[PDB]
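**Student:** Could you have a look at this structure, given as structure tokens, before my questions?
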Amino acid sequence: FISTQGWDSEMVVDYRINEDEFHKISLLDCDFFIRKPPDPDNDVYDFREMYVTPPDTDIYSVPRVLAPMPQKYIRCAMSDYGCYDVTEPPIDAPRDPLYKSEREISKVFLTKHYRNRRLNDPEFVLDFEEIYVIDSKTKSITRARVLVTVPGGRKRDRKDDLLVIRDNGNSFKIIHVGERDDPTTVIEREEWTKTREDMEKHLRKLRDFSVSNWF
Amino acid sequence: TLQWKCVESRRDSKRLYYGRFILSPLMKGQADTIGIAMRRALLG
Amino acid sequence: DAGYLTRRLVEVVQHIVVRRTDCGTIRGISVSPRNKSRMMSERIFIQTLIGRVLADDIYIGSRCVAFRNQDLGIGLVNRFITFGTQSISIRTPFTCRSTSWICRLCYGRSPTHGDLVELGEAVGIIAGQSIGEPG
Amino acid sequence: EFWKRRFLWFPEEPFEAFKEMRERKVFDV
Amino acid sequence: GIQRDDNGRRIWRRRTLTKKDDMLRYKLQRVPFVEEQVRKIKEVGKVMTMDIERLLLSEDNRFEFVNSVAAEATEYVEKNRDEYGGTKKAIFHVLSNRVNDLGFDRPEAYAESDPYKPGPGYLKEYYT
Amino acid sequence: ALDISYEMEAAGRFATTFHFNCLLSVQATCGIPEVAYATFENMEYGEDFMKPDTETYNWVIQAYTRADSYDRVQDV
Amino acid sequence: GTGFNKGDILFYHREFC
Amino acid sequence: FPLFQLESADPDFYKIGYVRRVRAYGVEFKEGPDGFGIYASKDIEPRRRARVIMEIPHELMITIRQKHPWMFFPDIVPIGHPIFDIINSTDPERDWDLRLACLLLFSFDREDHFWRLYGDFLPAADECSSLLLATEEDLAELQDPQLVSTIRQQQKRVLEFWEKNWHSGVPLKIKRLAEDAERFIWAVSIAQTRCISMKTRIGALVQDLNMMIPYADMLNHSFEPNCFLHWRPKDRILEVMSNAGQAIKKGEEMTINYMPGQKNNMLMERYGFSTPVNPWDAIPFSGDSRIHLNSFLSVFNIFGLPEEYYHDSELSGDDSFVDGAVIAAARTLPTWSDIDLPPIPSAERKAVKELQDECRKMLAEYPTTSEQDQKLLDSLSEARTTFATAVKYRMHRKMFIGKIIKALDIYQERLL
Amino acid sequence: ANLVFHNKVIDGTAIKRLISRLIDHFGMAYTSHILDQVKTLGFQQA
Amino acid sequence: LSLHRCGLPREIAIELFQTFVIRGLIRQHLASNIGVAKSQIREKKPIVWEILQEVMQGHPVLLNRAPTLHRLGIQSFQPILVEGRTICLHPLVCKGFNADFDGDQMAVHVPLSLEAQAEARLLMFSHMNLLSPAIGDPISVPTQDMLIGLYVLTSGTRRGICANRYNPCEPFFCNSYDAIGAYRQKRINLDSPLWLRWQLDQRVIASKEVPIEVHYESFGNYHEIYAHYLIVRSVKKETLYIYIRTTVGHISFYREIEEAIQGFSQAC
Amino acid sequence: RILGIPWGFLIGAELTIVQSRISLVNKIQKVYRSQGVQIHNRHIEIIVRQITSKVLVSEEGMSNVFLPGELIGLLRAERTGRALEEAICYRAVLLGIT
Ligand SMILES: Nc1ncnc2c1ncn2[C@@H]1O[C@H](CSCC[C@H](N)C(=O)O)[C@@H](O)[C@H]1O
Ligand SMILES: [Mg+2]
Ligand SMILES: [Zn+2]
């Protein structure tokens, strides 16, 4: 219907949209709306018209866009990004819960299907070079800076690549599936780096630190 | 005379069986040694 | 010295027993979170208010969020802190209409039993022992 | 009524103290 | 909502959950290795502690509860003096009866013995 | 009267100001103000239907002003 | 605590039959 | 030797409660064509005191203060929600059901609320027996203009409230609560048919509440019930207690008294049903012909004061005739009493003949009879729940009049 | 039992706070048995 | 000992319960009169102890240390017969009595009337006095040796430079019982890291942080790697697998508390 | 001097006692909190209430109801203030726990 492309970044529109034709993407700080063309899979997205609202509110506003957006309908797969908030709420009434776990979603990744193939397609693979990032804190949407290391360039076998996301959803890198790292290796790398820096900070205050070795 | 008997048995499921066994009369210190050896044998 | 102090502490309040459900008082000690002379520490604002019985209704806008003669839970206190509730009126031992006994509402929740204090409880001796014990 | 009209840390000033008691709900008309 | 399928039988819609509750799968699971723990709890008499706590959930005043239990035990002893003081205690009988009056089955007066006593004269030596 | 009032409250009907005034009508002439004052304290710090009225205050004052010994001016 | 608040007709008259 | 020798409810119905500290003892939930009900899964032996049947935790209820101001326990409505503004504009005296309907819709829209799951076992619009869902055809079979007028006024009030508060400009969080009018009408019907009012103490606060209580609204109504509701304040639990010393056999339905001292018309107005053994039903007699109250009570063994008439059930032995209908007759028949003055039988014959004439005139005033109404119910195959409810209501009134006639006959027979 | 899964450490402050929350949630009869079991576990690992 | 029990020497118990032992002797016709029963008690006959052990069941006693500073300085316990001449005391009630085992002594009292026994059983037992009246804090909290044991049990893996000598450029268990069994068979240590398959909701206390690294596959499945757990999700399915990185110690602590709760529930 | 009939004695005693109770609890709690001792405010308020519950009949207030220097309760003094005008003159007194 309407074309929000090129409009203001944080202005509030003067009408209430119909959410039956939109993709409602709910994050921690906002609910994100992207126009949904009809489809049995409901995986088709139209990025020309987008809106951002505070969570559970019908005061619509055009979101801030930090990168060029698609013009033709593209089929995409949605995956959220965030943390868990396992708290111990105070026990007020009888049988009050001992803990409370919630999923604080801060980023939503929209990854294009390769050639807009369907999930039921036996040749379905994901196109990791086409990822759009939705940020709750900034109420914005961007395109991911994807770095490709697997040989092949533009033309390759999409079945053998693996995407790695680091740095709070900012680093996107494509590697071969063979060189995937163990979760233990990732955790140990982070622990080793942090503890190495902490130990060097602790030992720096000794007056023979300049004539000492690490081992 | 020294005798043994099963004093309890159950089958909660097909992969969970329980049993309780007795051994008496015993002299002082024998029961602990028998229990330790039997537990090691049962577990490994 | 503490043994002498404990005996005098128990002595002065040995006769205080919870003997009524409600003395019928309307007075209430006012508790304020915001004071322009010091930024109040929320930790002190909580532990003192827990277990107290409100002497007056609390309103947020046109909605009543806490009623008179209602035990102050920790959820209500945080709600009071979350919004701008500058006045809280509570029923304390200072507000009871007697110096020979106290009622259930002016005392508050039981120190050990979780619920409101029960009739016939010798809260005076417990008060005297609680202060003199760590001496 | 005359005393009610005249009635209108607790500060050392007597009328400031009266106003404080009115605000702290210690005493009122 | 009324509909008969031509044979006198009335066909009606069954009510179903038709929704997902994640608390069902995660909560209806049983620990398998508490046989000795349950047996020891029964042997030492913590079920009576649970019963005492349960009885006080319906009492406004606990002192009144204690007085009523003592009065009922006194009536028990006065009516049948010879039945109490040994393996049966009057207060335990009162507590078991008050628990049983709620429909919860309990052994009478929480009276239990050791089936493994090696004949008369042998006394269990407690291991401190 | 006291036995019947105890039985009435045991049966589930609590005493109101009427029954308490009836009881005070006899306690006020016993020569001991403490009995009537105990009844008055029971009434004053109780429920709404037990609260004293003019007749209750009159009974307690009459009990105190016609005491056998000691001074009761402060109490009145 | 626990001390608070002070803690024959129809006989000899049956049917003769 | 062992070798030689109504349907059960959906297990998830009790399982969702059970995982949330709901406990049912000695009873099982069974579902039939009429609706859900609670029945003793075994023989509930009579004990000295009342027995615990069910335990419903407070946190699974939807309760609102019965008196102004409106505070909800537990507090599910957030501060600043427009649903509070919708609730707060209601009439404090008569609009109690509207507030409960608003709370029900709000809870149904709440993702973590329990009633989002329990709401799938409530009767639907085509299964609820409330008269707010009845059309003009069903109300025409009540054969009572007053009840029809009351139902029409209630429907008008509900629709007016919905139109006033659910117009075009309402926010989306409010419009989705009730997109169309019949959704709110069904919410109000559920509130009216399942609300329980009680005086509950929470902590130190004692107050009256209008409560939507799961697993306790499934109990059915009776004027001689075997169960009652008791609130346990210390742990905030509502207990369903069977009467002390009253034996209950396997398969016997567990019932409570929804409201004592209410005739069939009020039951139809509120819960959308009526019973033939209502001991408070009234039949307007002329009052010129009167019988002896004491003899009528003694013949049928009805004892107690006028507000506690009860059949002894011992001297009768096997007389199924004496039931709540006879008690209602004794409470409604024109009677005279002169302490110990005996009645002359001759005057009693004339009085009962005149009263029977009045009863037969009343039966003739109805276009149809009760037996033909039962036949219509048996042959009924394509009618709404309210249709059969109205048919049963008029049939029960006819049965009550016939019971009065038979009681007068046997009373005049046994007077000698 | 909807117990949270502690995965960092149990010190003196944590065990005192955990017991207080268990009393509020489960009551003193349940927590009394939990204390007996935790007492053995702490002794058995020391 | 249980939290509601104490141990009494034979001499103290036979002195305190002497009249009840006399009643037990006479009641079952083993003593002709009071004098004969007392003579039997003086002779330490072997049947005196059976009657004493029988009559001590269900009859509470009151213990008391000397400087009674608060009301928890006297508590009620269920006495049992222990060998020796010392009073056996539970370790978790020592803080309330302010008692340590370097020479302290206690006095024992026997409630006689039914009212006193009811008061002792229903008001003074330790399992109903877990909170201190002063501020409401727990009084029966594990201390010292138990606290050290719990601290060592729940002290997790060595991490970072304390785990590997060089910069890195663990078993998987289906259920906690498998991990504990492997620990019993000396396959793993108390603090060696392991991955535990989790089939409940996310209930592990951890820092509220985004995944360290997300391994997204072109087929749709992606692995989210956190500091203490791994979560496998897919876009085609609604499946969600959780693996917790922990030790045998955390598993043991959680299982201890869970089994205590479940066993107490099942025993009732 | 500002207020005459009992509003002089009543309000003066009320203001003195309200200020005394606040500072009495603060000083006691400050001493214990400096030592790490945790005591609820209720226990101290039970003790202070007995400290600040009496008034002293002034040396010039003489009648047949009270005598000068007599130690009477605060609530009794205020109730007789509204009911009599017979020189009910009193001032708040702080009593030690002994
Ligand atoms: N004794 C009775 N006879 C017929 N209907 C009854 C009844 N008692 C209650 N009801 C009906 O049951 C409703 C109360 S909710 C009770 C359970 C309901 N039948 C269900 O299946 O969900 C009321 O609307 C009323 O119409
Ligand atoms: Mg020592
Ligand atoms: Zn009070």
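Following the order of the structure tokens, chains are lettered A, B, ..., residues in each are numbered from 1, and ligands are numbered from 1.
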Quick one: everything within 12 Å of residue 21 in chain J, counting only C-alpha atoms, minus sequence neighbours fewer than 5 positions away in the same chain. Send it as a ChimeraX atom specification.
**Tutor:** /E:85-86 /J:13-16,26-28,30-31,34,37-38,40-42,47-56
**Student:** Could you go through chain K and tell me which residues DSSP, when run on the backbone, assigns to helix (DSSP H, G or I), listing them as a PDB file with N, CA and C atoms, in the first residue's frame?
**Tutor:**
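Result file follows (part11.pdb):
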ATOM      1  N   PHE K   9      -0.881  22.597  75.889  1.00  0.00           N
ATOM      2  CA  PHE K   9      -0.270  21.407  76.471  1.00  0.00           C
ATOM      3  C   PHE K   9      -0.390  20.200  75.550  1.00  0.00           C
ATOM      4  N   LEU K  10      -1.553  20.023  74.918  1.00  0.00           N
ATOM      5  CA  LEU K  10      -1.765  18.864  74.056  1.00  0.00           C
ATOM      6  C   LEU K  10      -0.807  18.869  72.873  1.00  0.00           C
ATOM      7  N   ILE K  11      -0.754  19.981  72.138  1.00  0.00           N
ATOM      8  CA  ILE K  11       0.089  20.035  70.949  1.00  0.00           C
ATOM      9  C   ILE K  11       1.563  20.073  71.333  1.00  0.00           C
ATOM     10  N   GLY K  12       1.898  20.732  72.440  1.00  0.00           N
ATOM     11  CA  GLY K  12       3.282  20.746  72.883  1.00  0.00           C
ATOM     12  C   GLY K  12       3.782  19.364  73.254  1.00  0.00           C
ATOM     13  N   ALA K  13       2.982  18.622  74.024  1.00  0.00           N
ATOM     14  CA  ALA K  13       3.358  17.260  74.388  1.00  0.00           C
ATOM     15  C   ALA K  13       3.405  16.354  73.166  1.00  0.00           C
ATOM     16  N   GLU K  14       2.452  16.520  72.245  1.00  0.00           N
ATOM     17  CA  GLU K  14       2.435  15.699  71.040  1.00  0.00           C
ATOM     18  C   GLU K  14       3.672  15.945  70.187  1.00  0.00           C
ATOM     19  N   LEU K  15       4.080  17.208  70.049  1.00  0.00           N
ATOM     20  CA  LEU K  15       5.242  17.523  69.224  1.00  0.00           C
ATOM     21  C   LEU K  15       6.532  17.046  69.880  1.00  0.00           C
ATOM     22  N   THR K  16       6.635  17.189  71.202  1.00  0.00           N
ATOM     23  CA  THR K  16       7.831  16.733  71.903  1.00  0.00           C
ATOM     24  C   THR K  16       7.970  15.217  71.838  1.00  0.00           C
ATOM     25  N   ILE K  17       6.875  14.490  72.064  1.00  0.00           N
ATOM     26  CA  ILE K  17       6.940  13.032  72.103  1.00  0.00           C
ATOM     27  C   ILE K  17       7.202  12.462  70.712  1.00  0.00           C
ATOM     28  N   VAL K  18       6.580  13.038  69.683  1.00  0.00           N
ATOM     29  CA  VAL K  18       6.796  12.549  68.323  1.00  0.00           C
ATOM     30  C   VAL K  18       8.251  12.732  67.914  1.00  0.00           C
ATOM     31  N   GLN K  19       8.849  13.867  68.280  1.00  0.00           N
ATOM     32  CA  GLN K  19      10.256  14.088  67.966  1.00  0.00           C
ATOM     33  C   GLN K  19      11.157  13.190  68.805  1.00  0.00           C
ATOM     34  N   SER K  20      10.799  12.973  70.073  1.00  0.00           N
ATOM     35  CA  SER K  20      11.617  12.124  70.935  1.00  0.00           C
ATOM     36  C   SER K  20      11.659  10.691  70.421  1.00  0.00           C
ATOM     37  N   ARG K  21      10.509  10.156  70.004  1.00  0.00           N
ATOM     38  CA  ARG K  21      10.457   8.775  69.536  1.00  0.00           C
ATOM     39  C   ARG K  21      11.307   8.575  68.289  1.00  0.00           C
ATOM     40  N   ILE K  22      11.285   9.542  67.372  1.00  0.00           N
ATOM     41  CA  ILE K  22      12.067   9.421  66.145  1.00  0.00           C
ATOM     42  C   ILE K  22      13.556   9.377  66.463  1.00  0.00           C
ATOM     43  N   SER K  23      14.013  10.268  67.340  1.00  0.00           N
ATOM     44  CA  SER K  23      15.435  10.322  67.657  1.00  0.00           C
ATOM     45  C   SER K  23      15.866   9.188  68.579  1.00  0.00           C
ATOM     46  N   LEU K  24      14.987   8.739  69.477  1.00  0.00           N
ATOM     47  CA  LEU K  24      15.332   7.626  70.355  1.00  0.00           C
ATOM     48  C   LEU K  24      15.568   6.347  69.562  1.00  0.00           C
ATOM     49  N   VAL K  25      14.728   6.082  68.563  1.00  0.00           N
ATOM     50  CA  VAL K  25      14.913   4.889  67.743  1.00  0.00           C
ATOM     51  C   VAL K  25      16.145   5.033  66.860  1.00  0.00           C
ATOM     52  N   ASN K  26      16.364   6.228  66.306  1.00  0.00           N
ATOM     53  CA  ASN K  26      17.511   6.440  65.428  1.00  0.00           C
ATOM     54  C   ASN K  26      18.829   6.245  66.169  1.00  0.00           C
ATOM     55  N   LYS K  27      18.935   6.779  67.386  1.00  0.00           N
ATOM     56  CA  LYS K  27      20.175   6.638  68.142  1.00  0.00           C
ATOM     57  C   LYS K  27      20.446   5.184  68.506  1.00  0.00           C
ATOM     58  N   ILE K  28      19.410   4.451  68.922  1.00  0.00           N
ATOM     59  CA  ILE K  28      19.595   3.050  69.284  1.00  0.00           C
ATOM     60  C   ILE K  28      19.939   2.219  68.055  1.00  0.00           C
ATOM     61  N   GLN K  29      19.238   2.447  66.942  1.00  0.00           N
ATOM     62  CA  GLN K  29      19.535   1.706  65.721  1.00  0.00           C
ATOM     63  C   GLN K  29      20.907   2.057  65.167  1.00  0.00           C
ATOM     64  N   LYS K  30      21.338   3.310  65.320  1.00  0.00           N
ATOM     65  CA  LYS K  30      22.659   3.700  64.839  1.00  0.00           C
ATOM     66  C   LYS K  30      23.760   2.970  65.598  1.00  0.00           C
ATOM     67  N   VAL K  31      23.578   2.783  66.907  1.00  0.00           N
ATOM     68  CA  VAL K  31      24.577   2.080  67.707  1.00  0.00           C
ATOM     69  C   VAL K  31      24.684   0.623  67.278  1.00  0.00           C
ATOM     70  N   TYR K  32      23.546  -0.046  67.092  1.00  0.00           N
ATOM     71  CA  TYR K  32      23.575  -1.464  66.750  1.00  0.00           C
ATOM     72  C   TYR K  32      24.018  -1.696  65.311  1.00  0.00           C
ATOM     73  N   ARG K  33      23.590  -0.837  64.382  1.00  0.00           N
ATOM     74  CA  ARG K  33      24.011  -0.998  62.994  1.00  0.00           C
ATOM     75  C   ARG K  33      25.506  -0.765  62.833  1.00  0.00           C
ATOM     76  N   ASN K  41      12.733  -2.881  63.664  1.00  0.00           N
ATOM     77  CA  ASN K  41      12.283  -1.639  64.284  1.00  0.00           C
ATOM     78  C   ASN K  41      11.169  -1.877  65.293  1.00  0.00           C
ATOM     79  N   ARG K  42      10.403  -2.962  65.140  1.00  0.00           N
ATOM     80  CA  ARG K  42       9.301  -3.227  66.057  1.00  0.00           C
ATOM     81  C   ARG K  42       9.790  -3.405  67.486  1.00  0.00           C
ATOM     82  N   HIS K  43      10.884  -4.142  67.669  1.00  0.00           N
ATOM     83  CA  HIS K  43      11.362  -4.428  69.015  1.00  0.00           C
ATOM     84  C   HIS K  43      11.788  -3.157  69.734  1.00  0.00           C
ATOM     85  N   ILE K  44      12.456  -2.247  69.025  1.00  0.00           N
ATOM     86  CA  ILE K  44      12.863  -0.988  69.637  1.00  0.00           C
ATOM     87  C   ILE K  44      11.652  -0.096  69.881  1.00  0.00           C
ATOM     88  N   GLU K  45      10.704  -0.082  68.943  1.00  0.00           N
ATOM     89  CA  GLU K  45       9.505   0.732  69.116  1.00  0.00           C
ATOM     90  C   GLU K  45       8.652   0.245  70.280  1.00  0.00           C
ATOM     91  N   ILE K  46       8.736  -1.043  70.617  1.00  0.00           N
ATOM     92  CA  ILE K  46       8.054  -1.535  71.809  1.00  0.00           C
ATOM     93  C   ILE K  46       8.694  -0.950  73.062  1.00  0.00           C
ATOM     94  N   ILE K  47      10.025  -0.842  73.078  1.00  0.00           N
ATOM     95  CA  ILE K  47      10.720  -0.313  74.249  1.00  0.00           C
ATOM     96  C   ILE K  47      10.512   1.191  74.371  1.00  0.00           C
ATOM     97  N   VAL K  48      10.636   1.918  73.259  1.00  0.00           N
ATOM     98  CA  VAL K  48      10.540   3.374  73.294  1.00  0.00           C
ATOM     99  C   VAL K  48       9.135   3.823  73.670  1.00  0.00           C
ATOM    100  N   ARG K  49       8.114   3.074  73.248  1.00  0.00           N
ATOM    101  CA  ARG K  49       6.737   3.439  73.563  1.00  0.00           C
ATOM    102  C   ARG K  49       6.512   3.549  75.064  1.00  0.00           C
ATOM    103  N   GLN K  50       7.181   2.710  75.856  1.00  0.00           N
ATOM    104  CA  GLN K  50       7.069   2.815  77.306  1.00  0.00           C
ATOM    105  C   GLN K  50       7.891   3.972  77.855  1.00  0.00           C
ATOM    106  N   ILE K  51       8.943   4.374  77.140  1.00  0.00           N
ATOM    107  CA  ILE K  51       9.739   5.524  77.556  1.00  0.00           C
ATOM    108  C   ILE K  51       8.952   6.816  77.372  1.00  0.00           C
ATOM    109  N   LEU K  74      -0.036   9.527  78.920  1.00  0.00           N
ATOM    110  CA  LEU K  74      -0.247  10.529  77.881  1.00  0.00           C
ATOM    111  C   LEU K  74      -1.678  10.500  77.356  1.00  0.00           C
ATOM    112  N   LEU K  75      -2.210   9.305  77.084  1.00  0.00           N
ATOM    113  CA  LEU K  75      -3.571   9.206  76.564  1.00  0.00           C
ATOM    114  C   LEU K  75      -4.590   9.687  77.585  1.00  0.00           C
ATOM    115  N   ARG K  76      -4.393   9.343  78.859  1.00  0.00           N
ATOM    116  CA  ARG K  76      -5.287   9.837  79.900  1.00  0.00           C
ATOM    117  C   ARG K  76      -5.231  11.355  79.995  1.00  0.00           C
ATOM    118  N   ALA K  77      -4.033  11.932  79.884  1.00  0.00           N
ATOM    119  CA  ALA K  77      -3.890  13.380  79.996  1.00  0.00           C
ATOM    120  C   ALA K  77      -4.623  14.102  78.874  1.00  0.00           C
ATOM    121  N   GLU K  78      -4.535  13.583  77.648  1.00  0.00           N
ATOM    122  CA  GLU K  78      -5.191  14.243  76.524  1.00  0.00           C
ATOM    123  C   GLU K  78      -6.700  14.058  76.561  1.00  0.00           C
ATOM    124  N   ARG K  79      -7.174  12.909  77.045  1.00  0.00           N
ATOM    125  CA  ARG K  79      -8.612  12.688  77.138  1.00  0.00           C
ATOM    126  C   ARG K  79      -9.243  13.594  78.187  1.00  0.00           C
ATOM    127  N   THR K  80      -8.592  13.746  79.341  1.00  0.00           N
ATOM    128  CA  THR K  80      -9.072  14.695  80.334  1.00  0.00           C
ATOM    129  C   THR K  80      -8.917  16.136  79.872  1.00  0.00           C
ATOM    130  N   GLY K  81      -8.012  16.400  78.928  1.00  0.00           N
ATOM    131  CA  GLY K  81      -7.863  17.753  78.421  1.00  0.00           C
ATOM    132  C   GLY K  81      -9.086  18.233  77.666  1.00  0.00           C
ATOM    133  N   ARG K  82      -9.664  17.366  76.834  1.00  0.00           N
ATOM    134  CA  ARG K  82     -10.847  17.728  76.066  1.00  0.00           C
ATOM    135  C   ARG K  82     -12.113  17.754  76.907  1.00  0.00           C
ATOM    136  N   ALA K  83     -12.119  17.076  78.053  1.00  0.00           N
ATOM    137  CA  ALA K  83     -13.324  16.939  78.854  1.00  0.00           C
ATOM    138  C   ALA K  83     -13.390  17.911  80.022  1.00  0.00           C
TER     139      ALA K  83
END
**Student:** Using only C-alpha atoms, which protein or nucleic acid residues come within 10 Å of range 7-10 of chain G? Drop anything in the same chain fewer than 6 positions from it, and give the result as a PDB file with C-alpha atoms, in the first residue's frame.
**Tutor:**
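What follows is the written file result.pdb:
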ATOM      1  CA  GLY C 120      -1.964 -13.918  73.268  1.00  0.00           C
TER       2      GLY C 120
ATOM      3  CA  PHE E  63      -2.579 -21.765  71.030  1.00  0.00           C
ATOM      4  CA  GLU E  64      -6.251 -22.662  70.616  1.00  0.00           C
ATOM      5  CA  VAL E  66      -2.801 -26.810  71.208  1.00  0.00           C
ATOM      6  CA  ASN E  67      -5.494 -26.422  73.869  1.00  0.00           C
ATOM      7  CA  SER E  68      -8.056 -28.331  71.788  1.00  0.00           C
TER       8      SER E  68
ATOM      9  CA  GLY G   1       0.181 -17.972  74.916  1.00  0.00           C
TER      10      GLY G   1
END
**Student:** List as a list in words the protein and nucleic acid residues lying within 7 Å of ligand 1, with only C-alpha atoms and all ligand atoms counted.
**Tutor:**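 So the residues close to ligand 1 are residues 34, 35, 36, 37, 121, 122, 123, 128, 129, 130, 193, 194, 217, 218, 219, 220, 221, 222, 271, 272, 273, 274 and 275 of chain H.
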**Student:** Around ligand 2, at most 9 Å away and counting only C-alpha atoms and all ligand atoms, which residues are there? Put them as an MDAnalysis selection string, please.
**Tutor:** chainID J and resid 98:105
**Student:** Go ahead and write the residues just picked, C-alpha atoms, as a PDB file, in the first residue's frame.
**Tutor:**
ATOM      1  CA  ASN J  98      25.241 -20.972  71.122  1.00  0.00           C
ATOM      2  CA  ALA J  99      26.798 -24.342  71.941  1.00  0.00           C
ATOM      3  CA  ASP J 100      30.086 -25.925  70.913  1.00  0.00           C
ATOM      4  CA  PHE J 101      31.439 -29.312  71.955  1.00  0.00           C
ATOM      5  CA  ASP J 102      34.402 -28.294  74.100  1.00  0.00           C
ATOM      6  CA  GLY J 103      32.918 -28.810  77.567  1.00  0.00           C
ATOM      7  CA  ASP J 104      29.389 -27.423  77.405  1.00  0.00           C
ATOM      8  CA  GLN J 105      26.564 -29.097  79.311  1.00  0.00           C
TER       9      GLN J 105
END
**Student:** For residue 129 in chain C, list every protein, DNA or RNA residue within 12 Å, evaluated using only C-alpha atoms, and leave out those in the same chain fewer than 6 positions away; present the list as a VMD selection string.
**Tutor:** (chain C and resid 2 to 3 5 to 14 122 to 123 135) or (chain J and resid 68 to 73 132 to 135) or (chain K and resid 39 43 to 44 46 to 47)
